[PDB]
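> Starting off with a structure, shown below.
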Amino acid sequence: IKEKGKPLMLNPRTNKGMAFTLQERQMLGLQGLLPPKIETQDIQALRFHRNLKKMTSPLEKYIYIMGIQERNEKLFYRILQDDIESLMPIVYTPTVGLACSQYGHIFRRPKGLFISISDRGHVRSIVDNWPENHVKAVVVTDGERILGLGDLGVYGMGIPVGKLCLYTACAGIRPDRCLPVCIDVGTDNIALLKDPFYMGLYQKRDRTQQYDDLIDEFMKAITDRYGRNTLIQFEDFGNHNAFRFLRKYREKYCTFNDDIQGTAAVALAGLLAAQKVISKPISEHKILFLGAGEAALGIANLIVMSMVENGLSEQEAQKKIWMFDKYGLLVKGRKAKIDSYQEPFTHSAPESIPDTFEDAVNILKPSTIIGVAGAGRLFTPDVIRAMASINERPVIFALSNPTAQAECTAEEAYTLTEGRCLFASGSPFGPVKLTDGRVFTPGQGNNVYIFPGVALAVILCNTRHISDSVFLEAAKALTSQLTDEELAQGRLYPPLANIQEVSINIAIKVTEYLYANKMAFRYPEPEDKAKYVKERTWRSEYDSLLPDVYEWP
Amino acid sequence: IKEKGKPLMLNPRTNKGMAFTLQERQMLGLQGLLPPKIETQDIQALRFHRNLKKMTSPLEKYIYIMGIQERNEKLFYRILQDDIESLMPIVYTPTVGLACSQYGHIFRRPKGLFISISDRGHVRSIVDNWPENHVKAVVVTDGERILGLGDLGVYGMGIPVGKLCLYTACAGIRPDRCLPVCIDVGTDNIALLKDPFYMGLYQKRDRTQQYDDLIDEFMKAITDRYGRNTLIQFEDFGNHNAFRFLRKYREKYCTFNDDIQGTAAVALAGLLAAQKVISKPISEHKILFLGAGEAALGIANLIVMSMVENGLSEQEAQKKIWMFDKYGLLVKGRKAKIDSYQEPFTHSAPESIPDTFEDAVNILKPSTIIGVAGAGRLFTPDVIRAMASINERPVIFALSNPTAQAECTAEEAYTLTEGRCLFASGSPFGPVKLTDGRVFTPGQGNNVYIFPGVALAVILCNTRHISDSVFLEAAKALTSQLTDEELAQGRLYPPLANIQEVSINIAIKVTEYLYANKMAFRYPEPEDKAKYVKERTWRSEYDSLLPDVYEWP
Amino acid sequence: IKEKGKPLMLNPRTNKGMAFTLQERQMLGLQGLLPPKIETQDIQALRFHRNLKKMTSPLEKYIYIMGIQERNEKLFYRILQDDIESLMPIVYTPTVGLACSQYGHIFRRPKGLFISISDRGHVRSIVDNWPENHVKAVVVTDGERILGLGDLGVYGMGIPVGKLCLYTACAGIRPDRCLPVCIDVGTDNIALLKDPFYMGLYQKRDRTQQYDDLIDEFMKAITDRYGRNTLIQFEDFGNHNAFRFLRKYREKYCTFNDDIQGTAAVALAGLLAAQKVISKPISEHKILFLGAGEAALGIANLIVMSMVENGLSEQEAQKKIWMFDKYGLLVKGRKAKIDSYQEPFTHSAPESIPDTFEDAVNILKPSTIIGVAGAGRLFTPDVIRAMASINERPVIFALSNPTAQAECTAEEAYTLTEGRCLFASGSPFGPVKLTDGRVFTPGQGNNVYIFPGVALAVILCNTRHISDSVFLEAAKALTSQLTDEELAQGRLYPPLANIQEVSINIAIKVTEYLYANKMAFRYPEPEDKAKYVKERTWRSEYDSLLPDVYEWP
Ligand SMILES: NC(=O)c1ccc[n+]([C@@H]2O[C@H](COP(=O)([O-])OP(=O)(O)OC[C@H]3O[C@@H](n4cnc5c(N)ncnc54)[C@H](O)[C@@H]3O)[C@@H](O)[C@H]2O)c1
Ligand SMILES: NC(=O)c1ccc[n+]([C@@H]2O[C@H](COP(=O)([O-])OP(=O)(O)OC[C@H]3O[C@@H](n4cnc5c(N)ncnc54)[C@H](O)[C@@H]3O)[C@@H](O)[C@H]2O)c1
Ligand SMILES: NC(=O)c1ccc[n+]([C@@H]2O[C@H](COP(=O)([O-])OP(=O)(O)OC[C@H]3O[C@@H](n4cnc5c(N)ncnc54)[C@H](O)[C@@H]3O)[C@@H](O)[C@H]2O)c1
Ligand SMILES: NC(=O)c1ccc[n+]([C@@H]2O[C@H](COP(=O)([O-])OP(=O)(O)OC[C@H]3O[C@@H](n4cnc5c(N)ncnc54)[C@H](O)[C@@H]3O)[C@@H](O)[C@H]2O)c1
Ligand SMILES: NC(=O)c1ccc[n+]([C@@H]2O[C@H](COP(=O)([O-])OP(=O)(O)OC[C@H]3O[C@@H](n4cnc5c(N)ncnc54)[C@H](O)[C@@H]3O)[C@@H](O)[C@H]2O)c1
Ligand SMILES: NC(=O)c1ccc[n+]([C@@H]2O[C@H](COP(=O)([O-])OP(=O)(O)OC[C@H]3O[C@@H](n4cnc5c(N)ncnc54)[C@H](O)[C@@H]3O)[C@@H](O)[C@H]2O)c1
Ligand SMILES: O=C(O)/C=C/C(=O)O
Ligand SMILES: O=C(O)/C=C/C(=O)O
Ligand SMILES: [Mn+2]
Ligand SMILES: [Mn+2]
Ligand SMILES: [Mn+2]
């Protein structure tokens, strides 16, 4: 640190509150600016939980917790670390969704970089205004597809902020090396355009070439100042833009799309886990998707790669996958458009064409149902009953977020399948107890289990580009940690309580994969990857800010 | 300002949030660090009120409001200015009392300078650590007598912080020129010495000569760095220390004790307002104090000065004042101690010595009772009834704070006297409506009506020492603003909603008084004292932070 | 010191070079940035004198020593203190005159505040850009009458810098509280307008009301930021502006013109010393001035006050003074103009009207001749012989600066008068040894013997305005320290080598004078004036920059 005095307390990155030791205060010019009391981070943590316990609504807890990030960064992450499972629902889904819809109402301090279309031609000067010098990871959004909430414009900034908190809380990626970014080119959200507290430009979305030029200028500026291997994570972009930007930049920059590729890995990881209680031939595994967008296509493509890696051919593996969107089942020659990415999963219409999703379930009789429509409770009771009849152990994945947009609840799933279903959801659901007396603990199929570990490995390996095979490897690494005892509880994923350890293990598997496949450029190559990764994870414990004082001979 | 970039946002003194104009953002390196939206202070204020409306408890609101002072100082005062009467109960008494009691539990950021006994011999170094260079006003406490709550030690820092906020919100004194100070020599509060969140030294109070040495070191260090005419306001010190320090320093430094002198002026101002409704001869005015400490003695002495000023000699005036403390009536020779300050109001034991305050009222038959004991509801229904039977319009001042320590409530006063009493309290009470339909609106006899205006005048006039006569003048300045109509509602003081205008008027009259008596050293002497003061009051509206850019011939 | 690291070395105010101790380097983040060697100031001083020894020209030395002021301020002043008499000719007259004439050619770094006519209306923002927050002394010039060199415009800035270096070297006034200022409204120096290295605006002098408006804005801005009692010393302004600005502001601000008033004091001090060897009746004291401008009038008015103080009436004392300017003797009705200040010394023509200064001497037969025309050797050998012929001990003062502009040299004065004259010069001349062996040590009648001491006293006493009597007192304080033995050598002033002590003694005397005459506002009044002044003189020895580190009981 080059600073001393009050500035050390005003910057959340360095502020320790009363945790500044006596020696640090005297040598750094803080003596007298702090109460005489010297505290430990442990005392500070207690203070937090004490106040949190008395709080009522989730949003109030969000405002309080996120506020700590702007006062004492170290304490912020220590607090999340004390109990990531109980706080995850507040800083992440579903509460982050509530925060975003009210971002302009709860605003106190801005977080991250804002680049608007009105700054076209001047994006580099904006990137140069960011205080931190060695950024290694960026999460960017334009707020067009915020969770299953739609277009929130600049209010969507809460997502990149939230995603990056997990980069640190889960994988130990250095906070000061993370940059949340919101690209504002307007919003089509009519309500927001009339909101006096809106934080973005009051115009509709610019969809012309300027939008593309802006994104291009952004990628250029970011890498020009921080380096070409700067990890850039695209998050919550509209459907059209998500795929196009991913294809356009994946070979030029170190980038990936979380909604497409991150979701694919976790969803696949769940199927690999379910495979342990079903065992049945993947040949007789019929997958039916509710929705055919970013997440569906991403999941389908990764599943295919898994089947193809296990014998089947890409052609036959795809036939085992069907999709049903807002217009119906995706079949060749249908009236609704079928894009380039969907084609491979669009088959010749069966004898009869299903009118509803329930019908598709009976006609196609799938063994697995994956919901990613962000349209609500479409995995209705009948749909679930049908699945229970058609299968002995049906796989039900209601992945849409936030909670209100989920296809169905864990409660509905288990009770309706008499406890025979294999369930996973995008948002958190507590254990379920049937009138029967059986207890089922649902897993959370959320990419939060993937992007932190993958991001860490990529950053540590100085990786230049991210292939989809990296996600295939991540999916395997996630599931390889699942213990039998946990499958028994109904868990298709490692306990969220161990997400920190699980993420580090993912990073270790990915770093070994990257090196083994000549995709890492960090030299020398470490002999022991496990030791290499663990030694470089950021800790929430306070560091000494004391200058190096020592006697000369 | 010599700072640009993020630091402008991190320092609450300069941070405007989204109110930073586009031009300021581009020229000061803030572009991109704030959302695209440019807001006005009006919008920010609306954001605040909207959120405030939804909060439940007073403590939660205190935490919210005081938190803004640490984020956007300008907005902080804007908020107070929008509705000072509704927030006064939150940032001042009684909620400020609750905040101090839990100061260590709600801690987020420190405010003020902390000087502890362990810093003996190094006080100048601590003072040199305060970031502001032109401090003009200091409010210091050792937290031994916080409101009527007793020894709160370092948790008492809430008072200096609260008083200084009022220096600005009421009198327009510049915030960056105010310095809250807490002297920590330990605490005798057993509960705090076992509180893991306590903010001070874990030791009983040091009452040896080291205490006095530390205070001496403090006075010298503050004046050494900021100037001998730096206003030093003592607040909430213990009884013994309050007087001896006032007597020891008032002729060497620009200092006064708010509890002794400020209270004196507000109470007197109330009695002076009561004469406008009583008219009764001073020869029939007999005052009886519940309590005989800092507030009681200060008030008694100022009342005497007023009487002497209007004819009576000191002796005869002092004869009209009686005191009853925790040991009973102060009569010569009583077993309980009688200090030098009390002696003038300690008379020969009456025919029968009253055992209770009720007996004292019946035996002495005062026309005015003033409560400054900070011990609770001592003005019992019987006490109030006696005053109603003895006097047609009994004067009843229950000035102890916070509300729980008040001698009685407004309801009890007006109801038990059938609307015949002239009431005033230290802490706020709403209007009282009697069964007969009459409505009485009580005034708040709290020194907040005086120290702001008095401080502004002393600072503006470069006054070197403050005499008691100054407080006599402030008292008269305060009451002269009361309007007959308001007096008719039961108001013995101008509406709290006009405290800002009232404080300025007091500042103007005190300024004219300071110059008329050759106590002001600011030269040249302003011709229009009114315009002089009004031109120098700090405003909450945002200032341009733009550099002075102009073209040359 | 709110800064640590490299900045401590880049700022000459704090830079110690290798004198930074090992602990300061470690604690302040300098370890490694300096050579491993720890030096004392003594070693640094030695390094300087060694290098200075090898240098040949005075300007080369000026560039060298003045460069040190921009690298290590403490060392700069230590160096001047090591031998002020040998370096005075380098940093002051006559070399400072050579440096101003080539200021744009030797430029490396700017020194001081520059205010031009192009900034009219924006002077306050310029004053606000000055880095130091507590300025107590300002020396300002418009460069119109630089020494006897005339209009040098912005190249004249070398003067304020010079005078201020002496404030510190002579009186121990704090460097960080001194502010050199140059007002640039153009220049009439044709040679500078065609100089590609000129440092000012390329335009003739603006003599319209805009000039006066700028000076007014400057006075207001300086006092608005630093205080109304901020000492403002006018230096080297043109003859018209000098008197009118002194008269215009002397009762509004704490200001004085060094050329008019400072010279008067030192000139009178030399005459008071001369009377220590002459003693003749003041009735037979006839004074003839070569020149009738700023210095002449100033000296004459002070000579009159001294006489009026010893008996003579104002009118009777003014009759003992004659002046001879560029147009000739000042007599009633002469063709050449005579201003208000000259009238009192413009007498009725004598028997005949002198054509040259030599004729004026033979016709008027004055006992004292004072040169202040800055026009060169006007005190010809014939003028000098005539004075020795008319008087047994002629008093000859050639005060014009620099040397080339002096009226005559010491050699010429003593040799042509056979060692019978009492000589003094504005610029330095070594001792003169006559062929008979008699040695004469000429004193330096230069206001550097006065402004340092007077400024220290005025600053220390918080004096608001400066009366001429102050300089009369300073004149006495100076000569009072002259010893007999030193008078024998031919010194009309104390040795230049003791200028530090002489200046302090003058400050002490002037301080007592200001308190005695109710002109000092610093309270309380020091009992011991000598101790008061001596305790507040800035020292050149290094101060510890270590933060206060100590153990808590
Ligand atoms: N091109 C480069 O490799 C480059 C450029 C500039 C500066 N550096 C600096 O040189 C030092 C050593 O280089 P190295 O390649 O041996 O580093 P390394 O082996 O320690 O790590 C490799 C990469 O991972 C990053 N990293 C490590 N821990 C991280 C964490 N916890 N959170 C986020 N990012 C993390 C580093 O910044 C580095 O770029 C690094 O500390 C780095 O800051 C490297
Ligand atoms: N759990 C996770 O890890 C995770 C990760 C990313 C996204 N998601 C969730 O997936 C959902 C969609 O994300 P996306 O990026 O794929 O969106 P998208 O806009 O790219 O695609 C949405 C798809 O759902 C279909 N759809 C909409 N309404 C429908 C309806 N009423 N009935 C049937 N189908 C309908 C659309 O036709 C479209 O094919 C969101 O709610 C999001 O929160 C979850
Ligand atoms: N950047 C700086 O260092 C800076 C800037 C502006 C003013 N000042 C100081 O202010 C003084 C001149 O001020 P002025 O001419 O405007 O008024 P003034 O001199 O008439 O005011 C008299 C005193 O009241 C103080 N003052 C005025 N308004 C105040 C307020 N609202 N709150 C608290 N204190 C207040 C001033 O500091 C001053 O000491 C100067 O002596 C200077 O030291 C310093
Ligand atoms: N960083 C700062 O701006 C700073 C730091 C320390 C003290 N101060 C000032 O000093 C005053 C306290 O009085 P004090 O004990 O310094 O002395 P003092 O009050 O006895 O001296 C009277 C005046 O002379 C000035 N002064 C003293 N020595 C000086 C010197 N050597 N050169 C130039 N000016 C000198 C002082 O500033 C003061 O205005 C306060 O009014 C305070 O504002 C300012
Ligand atoms: N309204 C205002 O503007 C204002 C200003 C300052 C102080 N106060 C209040 O005045 C109260 C006392 O403050 P202080 O500084 O004078 O305190 P103090 O400790 O100096 O004096 C307290 C006095 O009350 C007496 N007392 C205590 N219990 C008593 C009892 N049970 N019966 C009778 N007398 C009793 C004590 O003997 C003592 O004489 C506090 O509650 C304080 O909040 C009000
Ligand atoms: N030694 C000191 O302490 C000291 C202090 C201040 C000024 N000075 C010197 O005094 C000199 C004049 O300064 P000033 O401010 O009085 O100037 P000024 O311009 O106000 O007056 C100069 C006067 O000399 C007259 N003069 C010019 N040439 C003449 C000539 N050839 N013959 C006769 N008279 C002539 C002019 O008519 C004018 O009246 C400068 O050289 C300056 O260096 C010395
Ligand atoms: O306990 C602390 O020091 C900080 C708390 C917060 O920022 O909320
Ligand atoms: O409205 C704002 O910009 C700030 C709000 C806060 O600090 O609470
Ligand atoms: Mn997403
Ligand atoms: Mn109080
Ligand atoms: Mn000069």
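Identifiers in this document derive from the order of the structure tokens: chains are assigned A, B, ..., residues are numbered from 1 separately in each chain, and ligands are numbered from 1 in order of occurrence.
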Counting only C-alpha atoms and all ligand atoms, what are the residues, protein, DNA or RNA alike, that approach ligand 1 to within 12 Å? I want them as a PyMOL selection string.

chain A and resi 133-138+164+167-179+225-231+452-453+455-464+504+507+511+520-526+529+531-540

> On all C-alpha atoms matched in order, how well does chain C superpose onto chain B? Give the RMSD in Å.

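With all C-alpha atoms paired in order, the RMSD is 0.2 Å.
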
> Atom CA of residue 83 of chain C and atom CA of residue 496 of chain C, how far apart in Å?

10.2 Å

> Can you work out which residues are within 12 Å of ligand 9, considering only C-alpha atoms and all ligand atoms, and then hand them over as a CSV table (one decimal) with N, CA, C and O atoms, in the first residue's frame?


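Below you can see out_13.csv, which holds the result:
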chain,number,residue,atom,x,y,z
A,92,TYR,N,-27.2,-14.0,-3.6
A,92,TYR,CA,-27.4,-14.6,-4.9
A,92,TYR,C,-28.9,-14.9,-5.2
A,92,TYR,O,-29.7,-14.2,-4.6
A,93,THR,N,-29.2,-15.9,-6.0
A,93,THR,CA,-30.6,-16.1,-6.2
A,93,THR,C,-31.3,-16.7,-5.0
A,93,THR,O,-30.7,-17.6,-4.3
A,96,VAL,N,-31.0,-11.7,-5.1
A,96,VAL,CA,-30.3,-10.8,-6.0
A,96,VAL,C,-31.3,-10.3,-7.1
A,96,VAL,O,-31.2,-9.2,-7.6
A,97,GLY,N,-32.2,-11.2,-7.4
A,97,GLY,CA,-33.2,-10.9,-8.4
A,97,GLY,C,-34.1,-9.8,-7.9
A,97,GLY,O,-34.5,-8.9,-8.7
A,139,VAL,N,-16.8,-9.6,-15.4
A,139,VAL,CA,-18.1,-10.2,-15.6
A,139,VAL,C,-18.9,-9.1,-16.2
A,139,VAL,O,-19.1,-8.1,-15.5
A,140,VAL,N,-19.4,-9.2,-17.4
A,140,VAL,CA,-20.2,-8.2,-18.1
A,140,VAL,C,-21.6,-8.6,-18.4
A,140,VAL,O,-21.9,-9.7,-18.7
A,141,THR,N,-22.5,-7.6,-18.4
A,141,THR,CA,-23.9,-7.8,-18.7
A,141,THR,C,-24.4,-6.5,-19.4
A,141,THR,O,-23.8,-5.4,-19.2
A,142,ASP,N,-25.6,-6.6,-20.1
A,142,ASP,CA,-26.2,-5.5,-20.7
A,142,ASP,C,-27.6,-5.4,-20.1
A,142,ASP,O,-28.4,-4.6,-20.5
A,143,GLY,N,-27.8,-6.3,-19.1
A,143,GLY,CA,-29.1,-6.4,-18.5
A,143,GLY,C,-30.4,-6.7,-19.3
A,143,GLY,O,-31.5,-6.3,-18.8
A,144,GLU,N,-30.2,-7.3,-20.4
A,144,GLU,CA,-31.4,-7.7,-21.2
A,144,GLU,C,-32.1,-9.0,-20.8
A,144,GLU,O,-33.3,-9.1,-20.9
A,145,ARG,N,-31.4,-9.9,-20.2
A,145,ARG,CA,-32.0,-11.1,-19.7
A,145,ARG,C,-31.5,-11.4,-18.3
A,145,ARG,O,-30.7,-12.3,-18.1
A,146,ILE,N,-31.9,-10.6,-17.3
A,146,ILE,CA,-31.5,-10.8,-15.9
A,146,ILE,C,-32.3,-11.9,-15.3
A,146,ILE,O,-33.5,-11.8,-15.1
A,147,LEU,N,-31.6,-13.1,-15.1
A,147,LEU,CA,-32.3,-14.3,-14.6
A,147,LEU,C,-33.6,-14.4,-15.4
A,147,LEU,O,-33.5,-14.2,-16.6
A,148,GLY,N,-34.7,-14.8,-14.8
A,148,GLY,CA,-35.9,-15.0,-15.6
A,148,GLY,C,-36.8,-13.8,-15.4
A,148,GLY,O,-38.0,-13.8,-15.6
A,149,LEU,N,-36.2,-12.6,-15.1
A,149,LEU,CA,-36.9,-11.4,-14.9
A,149,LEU,C,-36.9,-10.5,-16.1
A,149,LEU,O,-37.6,-9.5,-16.1
A,150,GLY,N,-36.3,-10.8,-17.2
A,150,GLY,CA,-36.3,-10.0,-18.4
A,150,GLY,C,-35.3,-8.9,-18.5
A,150,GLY,O,-34.2,-9.0,-17.9
A,156,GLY,N,-29.6,-4.3,-13.9
A,156,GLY,CA,-29.1,-5.6,-14.0
A,156,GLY,C,-27.6,-5.7,-13.5
A,156,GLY,O,-27.1,-6.8,-13.4
A,157,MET,N,-27.0,-4.6,-13.1
A,157,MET,CA,-25.7,-4.5,-12.6
A,157,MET,C,-25.5,-5.3,-11.4
A,157,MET,O,-24.4,-5.8,-11.1
A,158,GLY,N,-26.6,-5.6,-10.7
A,158,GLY,CA,-26.5,-6.4,-9.4
A,158,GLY,C,-26.0,-7.8,-9.7
A,158,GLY,O,-25.5,-8.4,-8.8
A,159,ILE,N,-26.2,-8.3,-10.9
A,159,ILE,CA,-25.8,-9.6,-11.3
A,159,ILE,C,-24.3,-9.8,-11.4
A,159,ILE,O,-23.7,-10.7,-10.8
A,160,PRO,N,-23.6,-8.9,-12.2
A,160,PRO,CA,-22.1,-9.0,-12.3
A,160,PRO,C,-21.5,-8.8,-10.9
A,160,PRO,O,-20.5,-9.5,-10.6
A,161,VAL,N,-22.1,-8.0,-10.1
A,161,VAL,CA,-21.6,-7.7,-8.8
A,161,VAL,C,-21.7,-9.0,-8.0
A,161,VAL,O,-20.8,-9.4,-7.3
A,162,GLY,N,-22.9,-9.6,-8.0
A,162,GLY,CA,-23.1,-10.8,-7.3
A,162,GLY,C,-22.2,-12.0,-7.8
A,162,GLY,O,-21.6,-12.7,-7.0
A,163,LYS,N,-22.2,-12.1,-9.1
A,163,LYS,CA,-21.4,-13.2,-9.7
A,163,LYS,C,-19.9,-13.1,-9.2
A,163,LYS,O,-19.4,-14.2,-8.8
A,233,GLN,N,-16.2,-12.8,-18.7
A,233,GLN,CA,-17.4,-13.7,-18.5
A,233,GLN,C,-18.6,-12.9,-18.9
A,233,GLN,O,-19.0,-11.9,-18.3
A,234,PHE,N,-19.3,-13.4,-20.0
A,234,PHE,CA,-20.5,-12.7,-20.4
A,234,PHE,C,-21.7,-13.3,-19.6
A,234,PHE,O,-21.7,-14.5,-19.3
A,235,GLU,N,-22.5,-12.4,-19.1
A,235,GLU,CA,-23.6,-12.9,-18.2
A,235,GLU,C,-24.9,-12.1,-18.5
A,235,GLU,O,-24.9,-10.9,-18.7
A,236,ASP,N,-26.0,-12.9,-18.6
A,236,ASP,CA,-27.3,-12.4,-18.8
A,236,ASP,C,-27.6,-11.4,-20.0
A,236,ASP,O,-28.3,-10.4,-19.8
A,237,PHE,N,-27.0,-11.8,-21.1
A,237,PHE,CA,-27.2,-11.1,-22.4
A,237,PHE,C,-28.4,-11.7,-23.0
A,237,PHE,O,-28.7,-12.9,-22.8
A,238,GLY,N,-29.1,-11.0,-23.9
A,238,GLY,CA,-30.3,-11.6,-24.6
A,238,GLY,C,-29.8,-12.8,-25.4
A,238,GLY,O,-28.7,-12.9,-25.7
A,239,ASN,N,-30.8,-13.6,-25.8
A,239,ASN,CA,-30.5,-14.8,-26.6
A,239,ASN,C,-29.7,-14.6,-27.9
A,239,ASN,O,-28.6,-15.2,-28.0
A,242,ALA,N,-26.1,-13.4,-27.0
A,242,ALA,CA,-25.3,-14.3,-26.3
A,242,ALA,C,-24.5,-15.3,-27.2
A,242,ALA,O,-23.2,-15.3,-27.1
A,257,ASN,N,-19.4,-17.8,-22.0
A,257,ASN,CA,-20.7,-17.3,-21.6
A,257,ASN,C,-21.2,-18.2,-20.5
A,257,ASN,O,-21.4,-19.4,-20.7
A,258,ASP,N,-21.5,-17.7,-19.3
A,258,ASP,CA,-22.0,-18.4,-18.2
A,258,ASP,C,-23.3,-19.1,-18.3
A,258,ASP,O,-23.5,-20.3,-17.8
A,259,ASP,N,-24.2,-18.4,-18.9
A,259,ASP,CA,-25.6,-18.9,-19.1
A,259,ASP,C,-25.6,-20.1,-20.1
A,259,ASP,O,-26.5,-21.0,-20.0
A,260,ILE,N,-24.7,-20.1,-21.1
A,260,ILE,CA,-24.7,-21.1,-22.1
A,260,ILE,C,-23.8,-22.2,-21.6
A,260,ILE,O,-24.3,-23.4,-21.4
A,261,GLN,N,-22.5,-22.0,-21.4
A,261,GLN,CA,-21.5,-23.0,-21.0
A,261,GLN,C,-21.4,-23.3,-19.5
A,261,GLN,O,-21.2,-24.5,-19.2
A,262,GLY,N,-21.7,-22.4,-18.6
A,262,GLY,CA,-21.6,-22.7,-17.2
A,262,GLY,C,-22.8,-23.6,-16.8
A,262,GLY,O,-22.6,-24.6,-16.1
A,263,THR,N,-24.0,-23.2,-17.3
A,263,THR,CA,-25.2,-24.0,-17.0
A,263,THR,C,-25.1,-25.4,-17.5
A,263,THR,O,-25.5,-26.4,-16.9
A,264,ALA,N,-24.5,-25.5,-18.7
A,264,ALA,CA,-24.4,-26.8,-19.4
A,264,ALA,C,-23.6,-27.8,-18.5
A,264,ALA,O,-24.0,-28.9,-18.3
A,294,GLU,N,-30.5,-20.1,-24.6
A,294,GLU,CA,-29.1,-20.2,-24.1
A,294,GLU,C,-28.8,-21.4,-23.3
A,294,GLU,O,-27.8,-22.1,-23.6
A,295,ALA,N,-29.5,-21.6,-22.2
A,295,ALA,CA,-29.2,-22.7,-21.3
A,295,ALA,C,-29.6,-24.1,-21.9
A,295,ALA,O,-28.8,-25.0,-21.7
A,372,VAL,N,-35.9,-24.8,-18.4
A,372,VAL,CA,-35.1,-23.5,-18.5
A,372,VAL,C,-35.8,-22.5,-19.3
A,372,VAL,O,-35.3,-22.0,-20.3
A,374,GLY,N,-37.8,-19.9,-17.7
A,374,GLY,CA,-37.9,-18.7,-16.9
A,374,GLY,C,-39.3,-18.2,-17.1
A,374,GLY,O,-39.6,-17.0,-17.1
A,399,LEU,N,-34.7,-25.6,-13.5
A,399,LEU,CA,-33.6,-24.7,-13.4
A,399,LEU,C,-33.8,-23.2,-13.5
A,399,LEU,O,-32.9,-22.5,-13.1
A,400,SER,N,-35.0,-22.8,-13.9
A,400,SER,CA,-35.2,-21.3,-14.0
A,400,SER,C,-35.1,-20.6,-12.7
A,400,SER,O,-35.5,-21.1,-11.7
A,401,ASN,N,-34.6,-19.4,-12.8
A,401,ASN,CA,-34.4,-18.5,-11.6
A,401,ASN,C,-35.1,-17.2,-11.9
A,401,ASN,O,-35.2,-16.8,-13.1
A,402,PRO,N,-35.5,-16.4,-10.9
A,402,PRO,CA,-35.4,-16.7,-9.5
A,402,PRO,C,-36.5,-17.8,-9.1
A,402,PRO,O,-37.2,-18.3,-10.0
A,426,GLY,N,-32.7,-24.5,-9.9
A,426,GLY,CA,-31.8,-23.4,-10.0
A,426,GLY,C,-31.7,-22.6,-8.8
A,426,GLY,O,-30.6,-22.1,-8.4
A,446,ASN,N,-27.1,-25.1,-10.2
A,446,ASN,CA,-26.8,-23.7,-10.5
A,446,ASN,C,-25.4,-23.6,-10.9
A,446,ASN,O,-24.5,-24.1,-10.2
A,447,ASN,N,-25.1,-22.8,-12.0
A,447,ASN,CA,-23.7,-22.7,-12.5
A,447,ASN,C,-22.7,-22.1,-11.4
A,447,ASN,O,-21.5,-22.1,-11.7
A,448,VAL,N,-23.2,-21.7,-10.3
A,448,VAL,CA,-22.4,-21.1,-9.3
A,448,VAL,C,-21.4,-22.3,-8.9
A,448,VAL,O,-20.3,-22.0,-8.4
A,451,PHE,N,-18.7,-21.8,-12.6
A,451,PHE,CA,-17.8,-20.7,-13.0
A,451,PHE,C,-16.7,-20.3,-12.0
A,451,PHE,O,-15.6,-19.9,-12.5
